[PDB]
$ cat work_29.cif   # mmCIF, N, CA and C atoms
data_data
loop_
_atom_site.group_PDB
_atom_site.id
_atom_site.type_symbol
_atom_site.label_atom_id
_atom_site.label_comp_id
_atom_site.auth_asym_id
_atom_site.auth_seq_id
_atom_site.Cartn_x
_atom_site.Cartn_y
_atom_site.Cartn_z
ATOM 1 N N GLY T 1 107.927 118.144 129.246
ATOM 2 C CA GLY T 1 106.705 117.593 129.890
ATOM 3 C C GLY T 1 106.539 116.139 129.452
ATOM 4 N N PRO T 2 105.741 115.357 130.193
ATOM 5 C CA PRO T 2 105.434 113.977 129.807
ATOM 6 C C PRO T 2 104.849 113.922 128.426
ATOM 7 N N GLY T 3 105.382 113.020 127.589
ATOM 8 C CA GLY T 3 104.985 112.899 126.191
ATOM 9 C C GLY T 3 105.607 113.878 125.196
ATOM 10 N N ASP T 4 106.447 114.791 125.694
ATOM 11 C CA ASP T 4 107.161 115.625 124.770
ATOM 12 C C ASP T 4 108.201 114.875 123.943
ATOM 13 N N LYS T 5 108.656 113.704 124.393
ATOM 14 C CA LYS T 5 109.639 112.953 123.600
ATOM 15 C C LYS T 5 109.044 112.664 122.205
ATOM 16 N N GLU T 6 107.794 112.213 122.151
ATOM 17 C CA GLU T 6 107.133 111.908 120.851
ATOM 18 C C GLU T 6 107.016 113.145 119.960
ATOM 19 N N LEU T 7 106.663 114.274 120.577
ATOM 20 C CA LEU T 7 106.568 115.559 119.902
ATOM 21 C C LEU T 7 107.919 115.981 119.388
ATOM 22 N N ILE T 8 108.923 115.992 120.264
ATOM 23 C CA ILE T 8 110.271 116.443 119.912
ATOM 24 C C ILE T 8 110.857 115.617 118.747
ATOM 25 N N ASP T 9 110.696 114.287 118.819
ATOM 26 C CA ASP T 9 111.207 113.411 117.775
ATOM 27 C C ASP T 9 110.572 113.697 116.405
ATOM 28 N N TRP T 10 109.251 113.915 116.392
ATOM 29 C CA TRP T 10 108.490 114.208 115.170
ATOM 30 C C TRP T 10 108.899 115.595 114.590
ATOM 31 N N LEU T 11 109.068 116.604 115.462
ATOM 32 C CA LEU T 11 109.515 117.937 115.083
ATOM 33 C C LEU T 11 110.914 117.855 114.423
ATOM 34 N N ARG T 12 111.830 117.081 115.015
ATOM 35 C CA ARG T 12 113.179 116.910 114.499
ATOM 36 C C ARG T 12 113.130 116.228 113.148
ATOM 37 N N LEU T 13 112.217 115.268 112.975
ATOM 38 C CA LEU T 13 112.030 114.576 111.685
ATOM 39 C C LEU T 13 111.572 115.561 110.571
ATOM 40 N N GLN T 14 110.868 116.628 110.935
ATOM 41 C CA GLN T 14 110.464 117.682 109.999
ATOM 42 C C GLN T 14 111.561 118.760 109.850
ATOM 43 N N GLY T 15 112.702 118.576 110.524
ATOM 44 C CA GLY T 15 113.880 119.456 110.433
ATOM 45 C C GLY T 15 113.897 120.666 111.340
ATOM 46 N N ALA T 16 113.166 120.591 112.460
ATOM 47 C CA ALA T 16 113.091 121.696 113.371
ATOM 48 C C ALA T 16 114.379 121.785 114.181
ATOM 49 N N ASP T 17 114.844 123.011 114.380
ATOM 50 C CA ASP T 17 116.034 123.350 115.174
ATOM 51 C C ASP T 17 115.640 123.412 116.668
ATOM 52 N N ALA T 18 116.646 123.349 117.532
ATOM 53 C CA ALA T 18 116.432 123.269 118.978
ATOM 54 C C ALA T 18 115.640 124.452 119.526
ATOM 55 N N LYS T 19 115.895 125.673 119.014
ATOM 56 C CA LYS T 19 115.180 126.845 119.507
ATOM 57 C C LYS T 19 113.723 126.812 119.144
ATOM 58 N N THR T 20 113.401 126.333 117.936
ATOM 59 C CA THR T 20 112.049 126.193 117.528
ATOM 60 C C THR T 20 111.298 125.148 118.333
ATOM 61 N N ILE T 21 111.983 124.032 118.596
ATOM 62 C CA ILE T 21 111.444 122.956 119.383
ATOM 63 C C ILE T 21 111.105 123.525 120.797
ATOM 64 N N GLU T 22 111.998 124.325 121.345
ATOM 65 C CA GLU T 22 111.752 124.932 122.674
ATOM 66 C C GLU T 22 110.519 125.800 122.717
ATOM 67 N N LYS T 23 110.351 126.625 121.674
ATOM 68 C CA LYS T 23 109.202 127.471 121.540
ATOM 69 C C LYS T 23 107.888 126.689 121.512
ATOM 70 N N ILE T 24 107.836 125.625 120.690
ATOM 71 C CA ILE T 24 106.645 124.817 120.630
ATOM 72 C C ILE T 24 106.306 124.091 121.936
ATOM 73 N N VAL T 25 107.351 123.529 122.545
ATOM 74 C CA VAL T 25 107.194 122.846 123.838
ATOM 75 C C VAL T 25 106.744 123.822 124.918
ATOM 76 N N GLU T 26 107.328 125.013 124.939
ATOM 77 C CA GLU T 26 106.945 126.026 125.981
ATOM 78 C C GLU T 26 105.492 126.423 125.916
ATOM 79 N N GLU T 27 104.866 126.319 124.728
ATOM 80 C CA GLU T 27 103.434 126.555 124.585
ATOM 81 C C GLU T 27 102.563 125.389 124.972
ATOM 82 N N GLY T 28 103.159 124.227 125.278
ATOM 83 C CA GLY T 28 102.389 123.116 125.775
ATOM 84 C C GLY T 28 101.602 122.436 124.640
ATOM 85 N N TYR T 29 102.063 122.631 123.414
ATOM 86 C CA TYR T 29 101.524 121.807 122.272
ATOM 87 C C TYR T 29 101.896 120.334 122.471
ATOM 88 N N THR T 30 100.947 119.457 122.171
ATOM 89 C CA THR T 30 101.195 118.003 122.098
ATOM 90 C C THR T 30 101.250 117.686 120.617
ATOM 91 N N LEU T 31 101.754 116.486 120.333
ATOM 92 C CA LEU T 31 101.779 115.998 118.972
ATOM 93 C C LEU T 31 100.344 115.931 118.472
ATOM 94 N N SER T 32 99.420 115.479 119.324
ATOM 95 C CA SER T 32 97.999 115.472 118.927
ATOM 96 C C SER T 32 97.490 116.828 118.446
ATOM 97 N N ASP T 33 97.841 117.880 119.196
ATOM 98 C CA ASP T 33 97.453 119.234 118.828
ATOM 99 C C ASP T 33 97.977 119.580 117.420
ATOM 100 N N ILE T 34 99.260 119.246 117.138
ATOM 101 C CA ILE T 34 99.921 119.623 115.899
ATOM 102 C C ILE T 34 99.237 118.873 114.743
ATOM 103 N N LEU T 35 99.040 117.571 114.935
ATOM 104 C CA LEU T 35 98.420 116.745 113.851
ATOM 105 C C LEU T 35 96.971 117.108 113.549
ATOM 106 N N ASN T 36 96.203 117.413 114.597
ATOM 107 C CA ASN T 36 94.729 117.533 114.527
ATOM 108 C C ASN T 36 94.117 118.960 114.645
ATOM 109 N N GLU T 37 94.738 119.842 115.440
ATOM 110 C CA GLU T 37 94.087 121.083 115.876
ATOM 111 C C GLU T 37 94.671 122.357 115.336
ATOM 112 N N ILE T 38 96.001 122.431 115.210
ATOM 113 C CA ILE T 38 96.598 123.707 114.809
ATOM 114 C C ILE T 38 96.250 124.141 113.401
ATOM 115 N N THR T 39 96.289 125.462 113.225
ATOM 116 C CA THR T 39 96.099 126.075 111.938
ATOM 117 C C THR T 39 97.407 126.636 111.518
ATOM 118 N N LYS T 40 97.489 126.982 110.236
ATOM 119 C CA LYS T 40 98.691 127.620 109.730
ATOM 120 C C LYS T 40 98.928 128.937 110.488
ATOM 121 N N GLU T 41 97.850 129.638 110.856
ATOM 122 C CA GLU T 41 97.974 130.902 111.584
ATOM 123 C C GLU T 41 98.687 130.761 112.935
ATOM 124 N N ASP T 42 98.486 129.621 113.600
ATOM 125 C CA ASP T 42 99.194 129.295 114.878
ATOM 126 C C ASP T 42 100.668 129.227 114.610
ATOM 127 N N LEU T 43 101.055 128.566 113.502
ATOM 128 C CA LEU T 43 102.478 128.455 113.142
ATOM 129 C C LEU T 43 103.100 129.842 112.837
ATOM 130 N N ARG T 44 102.364 130.692 112.112
ATOM 131 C CA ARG T 44 102.810 132.051 111.833
ATOM 132 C C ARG T 44 102.970 132.867 113.118
ATOM 133 N N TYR T 45 102.033 132.689 114.052
ATOM 134 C CA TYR T 45 102.105 133.436 115.324
ATOM 135 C C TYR T 45 103.345 133.002 116.113
ATOM 136 N N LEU T 46 103.726 131.723 115.997
ATOM 137 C CA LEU T 46 104.941 131.220 116.621
ATOM 138 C C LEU T 46 106.191 131.751 115.964
ATOM 139 N N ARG T 47 106.022 132.473 114.855
ATOM 140 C CA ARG T 47 107.127 132.982 114.036
ATOM 141 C C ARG T 47 108.080 131.897 113.521
ATOM 142 N N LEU T 48 107.497 130.791 113.059
ATOM 143 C CA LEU T 48 108.250 129.768 112.368
ATOM 144 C C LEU T 48 108.763 130.302 111.064
ATOM 145 N N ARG T 49 110.023 129.974 110.758
ATOM 146 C CA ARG T 49 110.616 130.268 109.469
ATOM 147 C C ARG T 49 109.940 129.423 108.369
ATOM 148 N N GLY T 50 109.920 129.983 107.168
ATOM 149 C CA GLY T 50 109.152 129.455 106.023
ATOM 150 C C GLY T 50 109.398 127.989 105.708
ATOM 151 N N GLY T 51 110.671 127.589 105.683
ATOM 152 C CA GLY T 51 111.072 126.221 105.343
ATOM 153 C C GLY T 51 110.437 125.204 106.270
ATOM 154 N N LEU T 52 110.615 125.408 107.579
ATOM 155 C CA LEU T 52 110.035 124.506 108.546
ATOM 156 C C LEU T 52 108.518 124.559 108.498
ATOM 157 N N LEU T 53 107.958 125.769 108.360
ATOM 158 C CA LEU T 53 106.532 125.916 108.349
ATOM 159 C C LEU T 53 105.962 125.143 107.155
ATOM 160 N N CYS T 54 106.661 125.235 106.038
ATOM 161 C CA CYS T 54 106.206 124.553 104.771
ATOM 162 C C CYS T 54 106.198 123.040 104.964
ATOM 163 N N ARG T 55 107.318 122.527 105.481
ATOM 164 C CA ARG T 55 107.514 121.111 105.778
ATOM 165 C C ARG T 55 106.558 120.570 106.781
ATOM 166 N N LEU T 56 106.433 121.299 107.898
ATOM 167 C CA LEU T 56 105.590 120.878 108.960
ATOM 168 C C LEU T 56 104.104 120.837 108.534
ATOM 169 N N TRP T 57 103.659 121.905 107.880
ATOM 170 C CA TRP T 57 102.289 121.955 107.447
ATOM 171 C C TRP T 57 101.993 120.903 106.368
ATOM 172 N N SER T 58 102.958 120.638 105.496
ATOM 173 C CA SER T 58 102.771 119.580 104.490
ATOM 174 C C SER T 58 102.572 118.222 105.158
ATOM 175 N N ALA T 59 103.368 117.928 106.205
ATOM 176 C CA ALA T 59 103.197 116.686 106.990
ATOM 177 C C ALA T 59 101.815 116.600 107.689
ATOM 178 N N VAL T 60 101.437 117.680 108.371
ATOM 179 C CA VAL T 60 100.151 117.773 109.049
ATOM 180 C C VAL T 60 98.989 117.581 108.003
ATOM 181 N N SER T 61 99.066 118.292 106.857
ATOM 182 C CA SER T 61 98.027 118.250 105.856
ATOM 183 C C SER T 61 97.855 116.844 105.244
ATOM 184 N N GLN T 62 98.967 116.174 104.965
ATOM 185 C CA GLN T 62 98.917 114.784 104.456
ATOM 186 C C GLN T 62 98.297 113.813 105.453
ATOM 187 N N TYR T 63 98.620 113.994 106.748
ATOM 188 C CA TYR T 63 98.033 113.198 107.806
ATOM 189 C C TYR T 63 96.526 113.425 107.828
ATOM 190 N N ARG T 64 96.113 114.688 107.775
ATOM 191 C CA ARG T 64 94.684 115.018 107.864
ATOM 192 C C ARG T 64 93.893 114.541 106.644
ATOM 193 N N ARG T 65 94.520 114.667 105.477
ATOM 194 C CA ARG T 65 93.892 114.155 104.224
ATOM 195 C C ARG T 65 93.715 112.655 104.248
ATOM 196 N N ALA T 66 94.729 111.941 104.732
ATOM 197 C CA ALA T 66 94.675 110.496 104.832
ATOM 198 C C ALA T 66 93.595 110.047 105.801
ATOM 199 N N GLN T 67 93.558 110.688 106.990
ATOM 200 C CA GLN T 67 92.481 110.395 107.935
ATOM 201 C C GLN T 67 91.094 110.629 107.352
ATOM 202 N N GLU T 68 90.889 111.766 106.701
ATOM 203 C CA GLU T 68 89.588 112.114 106.159
ATOM 204 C C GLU T 68 89.278 111.212 104.988
ATOM 205 N N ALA T 69 90.294 110.925 104.170
ATOM 206 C CA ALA T 69 90.132 110.044 102.988
ATOM 207 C C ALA T 69 89.761 108.640 103.417
ATOM 208 N N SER T 70 90.256 108.221 104.588
ATOM 209 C CA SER T 70 90.108 106.823 105.012
ATOM 210 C C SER T 70 88.767 106.593 105.642
ATOM 211 N N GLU T 71 88.225 107.633 106.303
ATOM 212 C CA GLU T 71 86.850 107.701 106.816
ATOM 213 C C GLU T 71 86.389 106.407 107.493
#

$ encode --input "work_29.cif" --output "structure tokens"
Amino acid sequence: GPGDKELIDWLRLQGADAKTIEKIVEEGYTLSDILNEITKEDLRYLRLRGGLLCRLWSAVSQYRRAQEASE
């Protein structure tokens, strides 16, 4: 979909494999959704493997902390 290039590139930077990337894209997640809206429970429901889930959530959490910290 339009704007998935930004999402796909960021997912690959967190070490996501092609099948995982397909799953996330098929749900119509945007990068905005991942950075701002998703919960860890969304990632578990997607059946993400632990390594990627750990990495991805650590990236999302640091982004959110920085935004909130910067106020």

$ residues_around --input "work_29.cif" --residues "region 51-62 of chain T" --least-positions-apart "5" --cutoff "8 Å" --atoms "only N, CA and C atoms" --output "VMD selection string"
chain T and resid 11 14 to 17 34 to 36 39 to 40 43 to 44 67 to 68

$ select_by_dssp --input "work_29.cif" --residues "region 1-58 of chain T" --states "alpha helix (DSSP H)" --output "NGL selection string"
:T and (4-13 or 18-26 or 31-36 or 40-45 or 50-58)

$ closest_residue --input "work_29.cif" --among "T:71, T:63, T:20, T:31" --to "residue 48 (chain T)" --atoms "all atoms listed in the file"
T:20

$ atom_distance --input "work_29.cif" --atom1 "atom C of residue 18 (chain T)" --atom2 "atom C of residue 65 (chain T)"
29.2 Å

$ atom_distance --input "work_29.cif" --atom1 "CA of residue 2 (chain T)" --atom2 "atom N of residue 37 (chain T)"
18.8 Å

$ axis_aligned_box --input "work_29.cif" --around "region 32-40 of chain T" --padding-each-side "4 Å" --output "JSON"
{"center_x": 97.0, "center_y": 122.2, "center_z": 114.5, "size_x": 13.8, "size_y": 21.5, "size_z": 17.6}

$ atom_distance --input "work_29.cif" --atom1 "atom N of residue 28 (chain T)" --atom2 "atom C of residue 49 (chain T)"
18.9 Å

$ residues_around --input "work_29.cif" --residues "residue 7 (chain T)" --least-positions-apart "2" --cutoff "9 Å" --atoms "only C-alpha atoms" --output "PDB file with N, CA and C atoms, keeping the file's coordinate frame"
ATOM      1  N   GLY T   3     105.382 113.020 127.589  1.00  0.00           N
ATOM      2  CA  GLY T   3     104.985 112.899 126.191  1.00  0.00           C
ATOM      3  C   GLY T   3     105.607 113.878 125.196  1.00  0.00           C
ATOM      4  N   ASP T   4     106.447 114.791 125.694  1.00  0.00           N
ATOM      5  CA  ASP T   4     107.161 115.625 124.770  1.00  0.00           C
ATOM      6  C   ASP T   4     108.201 114.875 123.943  1.00  0.00           C
ATOM      7  N   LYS T   5     108.656 113.704 124.393  1.00  0.00           N
ATOM      8  CA  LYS T   5     109.639 112.953 123.600  1.00  0.00           C
ATOM      9  C   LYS T   5     109.044 112.664 122.205  1.00  0.00           C
ATOM     10  N   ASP T   9     110.696 114.287 118.819  1.00  0.00           N
ATOM     11  CA  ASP T   9     111.207 113.411 117.775  1.00  0.00           C
ATOM     12  C   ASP T   9     110.572 113.697 116.405  1.00  0.00           C
ATOM     13  N   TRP T  10     109.251 113.915 116.392  1.00  0.00           N
ATOM     14  CA  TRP T  10     108.490 114.208 115.170  1.00  0.00           C
ATOM     15  C   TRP T  10     108.899 115.595 114.590  1.00  0.00           C
ATOM     16  N   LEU T  11     109.068 116.604 115.462  1.00  0.00           N
ATOM     17  CA  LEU T  11     109.515 117.937 115.083  1.00  0.00           C
ATOM     18  C   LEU T  11     110.914 117.855 114.423  1.00  0.00           C
ATOM     19  N   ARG T  12     111.830 117.081 115.015  1.00  0.00           N
ATOM     20  CA  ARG T  12     113.179 116.910 114.499  1.00  0.00           C
ATOM     21  C   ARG T  12     113.130 116.228 113.148  1.00  0.00           C
ATOM     22  N   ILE T  21     111.983 124.032 118.596  1.00  0.00           N
ATOM     23  CA  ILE T  21     111.444 122.956 119.383  1.00  0.00           C
ATOM     24  C   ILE T  21     111.105 123.525 120.797  1.00  0.00           C
ATOM     25  N   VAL T  25     107.351 123.529 122.545  1.00  0.00           N
ATOM     26  CA  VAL T  25     107.194 122.846 123.838  1.00  0.00           C
ATOM     27  C   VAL T  25     106.744 123.822 124.918  1.00  0.00           C
ATOM     28  N   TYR T  29     102.063 122.631 123.414  1.00  0.00           N
ATOM     29  CA  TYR T  29     101.524 121.807 122.272  1.00  0.00           C
ATOM     30  C   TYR T  29     101.896 120.334 122.471  1.00  0.00           C
ATOM     31  N   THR T  30     100.947 119.457 122.171  1.00  0.00           N
ATOM     32  CA  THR T  30     101.195 118.003 122.098  1.00  0.00           C
ATOM     33  C   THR T  30     101.250 117.686 120.617  1.00  0.00           C
ATOM     34  N   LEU T  31     101.754 116.486 120.333  1.00  0.00           N
ATOM     35  CA  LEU T  31     101.779 115.998 118.972  1.00  0.00           C
ATOM     36  C   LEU T  31     100.344 115.931 118.472  1.00  0.00           C
ATOM     37  N   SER T  32      99.420 115.479 119.324  1.00  0.00           N
ATOM     38  CA  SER T  32      97.999 115.472 118.927  1.00  0.00           C
ATOM     39  C   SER T  32      97.490 116.828 118.446  1.00  0.00           C
ATOM     40  N   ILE T  34      99.260 119.246 117.138  1.00  0.00           N
ATOM     41  CA  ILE T  34      99.921 119.623 115.899  1.00  0.00           C
ATOM     42  C   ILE T  34      99.237 118.873 114.743  1.00  0.00           C
TER      43      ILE T  34
END

$ decode --input "work_29.cif" --residues "region 24-40 of chain T" --atoms "N, CA, C and O atoms" --output "mmCIF file, in the first residue's frame"
data_model
loop_
_atom_site.group_PDB
_atom_site.id
_atom_site.type_symbol
_atom_site.label_atom_id
_atom_site.label_comp_id
_atom_site.auth_asym_id
_atom_site.auth_seq_id
_atom_site.Cartn_x
_atom_site.Cartn_y
_atom_site.Cartn_z
ATOM 1 N N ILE T 24 2.365 -8.021 8.972
ATOM 2 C CA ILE T 24 2.078 -6.687 9.430
ATOM 3 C C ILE T 24 1.427 -5.783 8.378
ATOM 4 O O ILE T 24 0.434 -5.055 8.627
ATOM 5 N N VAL T 25 1.969 -5.869 7.162
ATOM 6 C CA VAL T 25 1.416 -5.105 6.033
ATOM 7 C C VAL T 25 -0.010 -5.545 5.726
ATOM 8 O O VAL T 25 -0.890 -4.718 5.468
ATOM 9 N N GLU T 26 -0.260 -6.848 5.744
ATOM 10 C CA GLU T 26 -1.640 -7.359 5.441
ATOM 11 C C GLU T 26 -2.684 -6.856 6.406
ATOM 12 O O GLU T 26 -3.814 -6.730 6.040
ATOM 13 N N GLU T 27 -2.282 -6.521 7.646
ATOM 14 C CA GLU T 27 -3.184 -5.905 8.611
ATOM 15 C C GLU T 27 -3.375 -4.421 8.438
ATOM 16 O O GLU T 27 -4.240 -3.820 9.074
ATOM 17 N N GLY T 28 -2.621 -3.788 7.527
ATOM 18 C CA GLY T 28 -2.845 -2.397 7.227
ATOM 19 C C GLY T 28 -2.287 -1.495 8.343
ATOM 20 O O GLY T 28 -2.711 -0.383 8.512
ATOM 21 N N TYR T 29 -1.347 -2.029 9.108
ATOM 22 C CA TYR T 29 -0.562 -1.152 10.050
ATOM 23 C C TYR T 29 0.276 -0.147 9.252
ATOM 24 O O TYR T 29 0.871 -0.465 8.263
ATOM 25 N N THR T 30 0.318 1.084 9.745
ATOM 26 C CA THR T 30 1.238 2.120 9.232
ATOM 27 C C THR T 30 2.342 2.213 10.265
ATOM 28 O O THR T 30 2.210 1.752 11.428
ATOM 29 N N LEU T 31 3.422 2.875 9.854
ATOM 30 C CA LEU T 31 4.519 3.136 10.760
ATOM 31 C C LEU T 31 3.985 3.968 11.915
ATOM 32 O O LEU T 31 4.316 3.716 13.082
ATOM 33 N N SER T 32 3.121 4.942 11.620
ATOM 34 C CA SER T 32 2.503 5.726 12.706
ATOM 35 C C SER T 32 1.814 4.870 13.765
ATOM 36 O O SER T 32 1.932 5.089 15.006
ATOM 37 N N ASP T 33 1.042 3.879 13.300
ATOM 38 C CA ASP T 33 0.358 2.966 14.204
ATOM 39 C C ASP T 33 1.374 2.257 15.121
ATOM 40 O O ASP T 33 1.063 2.040 16.327
ATOM 41 N N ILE T 34 2.497 1.768 14.540
ATOM 42 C CA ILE T 34 3.477 0.970 15.261
ATOM 43 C C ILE T 34 4.145 1.869 16.315
ATOM 44 O O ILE T 34 4.206 1.497 17.444
ATOM 45 N N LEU T 35 4.554 3.059 15.884
ATOM 46 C CA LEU T 35 5.256 3.990 16.825
ATOM 47 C C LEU T 35 4.377 4.497 17.963
ATOM 48 O O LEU T 35 4.850 4.714 19.079
ATOM 49 N N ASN T 36 3.110 4.784 17.654
ATOM 50 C CA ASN T 36 2.194 5.524 18.552
ATOM 51 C C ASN T 36 1.038 4.723 19.220
ATOM 52 O O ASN T 36 0.637 5.009 20.321
ATOM 53 N N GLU T 37 0.488 3.720 18.521
ATOM 54 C CA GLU T 37 -0.795 3.122 18.906
ATOM 55 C C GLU T 37 -0.740 1.701 19.388
ATOM 56 O O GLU T 37 -1.482 1.337 20.263
ATOM 57 N N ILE T 38 0.111 0.867 18.782
ATOM 58 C CA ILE T 38 0.089 -0.550 19.148
ATOM 59 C C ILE T 38 0.528 -0.832 20.570
ATOM 60 O O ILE T 38 1.251 -0.041 21.220
ATOM 61 N N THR T 39 0.004 -1.946 21.080
ATOM 62 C CA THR T 39 0.376 -2.453 22.373
ATOM 63 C C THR T 39 1.154 -3.697 22.153
ATOM 64 O O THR T 39 1.119 -4.314 21.070
ATOM 65 N N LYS T 40 1.822 -4.142 23.215
ATOM 66 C CA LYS T 40 2.550 -5.395 23.143
ATOM 67 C C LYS T 40 1.572 -6.536 22.813
ATOM 68 O O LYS T 40 1.941 -7.480 22.109
#
